[PDB]
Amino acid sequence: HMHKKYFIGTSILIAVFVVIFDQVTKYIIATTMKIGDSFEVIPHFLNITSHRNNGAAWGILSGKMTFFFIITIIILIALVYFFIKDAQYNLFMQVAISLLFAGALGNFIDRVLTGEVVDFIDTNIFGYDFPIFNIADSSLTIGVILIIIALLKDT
């Protein structure tokens, strides 16, 4: 029963726990497997398929890591500013912003260090040809679902 202006204690350790598990899982796949290897988790529906993502879906681009770099930082700053200005007394949105912040930072570390992103989650639950993603992608998607539910107020 705590009603605070900014739930900084809950928001940060949510971001802490997400980044830790994203970076750890990414690192476990990098050191136990080779690119292209795959082992099953839940048969016929979830595999751990080692992949690396460097934006090759967009085709030829002069420098995209720099553009991803500028994009991620601009959005990371806006999330903090969103957190302060319009997320007051609203734990639900502050959690969502944290999920958005943590999911962006987790991938941000991958690109800054290696110039790539470790992708290992390979499922057929969302149909096939759905790309291999990771925890940082999952936190972002969940954070978008929550704000879409938060955007579905006044309607």
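Numbers for residues come from their place in the sequence shown, where the first is 1.
Per the PDB record, of the two stretches 113-121 and 56-64, 56-64 carries the greater mean B-factor over its C-alpha atoms. With 128-136 and 18-26 compared on mean CA B-factor from the PDB entry, the stretch scoring higher is 128-136. The residue among 69, 92, 89, 101 whose C-alpha carries the highest B-factor in the deposited model is 89. In this PDB entry, residue 106 carries a Cα temperature factor that places it within the lowest third of its chain's modelled residues. Placement of the Cα temperature factor of residue 84 within the chain: highest third of the modelled residues, per the deposited record.
Remark: residue 147 belongs to the highest third of its chain, ranked by C-alpha B-factor as recorded.
The PDB entry assigns residue 97 a C-alpha temperature factor belonging to the lowest third of its chain's modelled residues.
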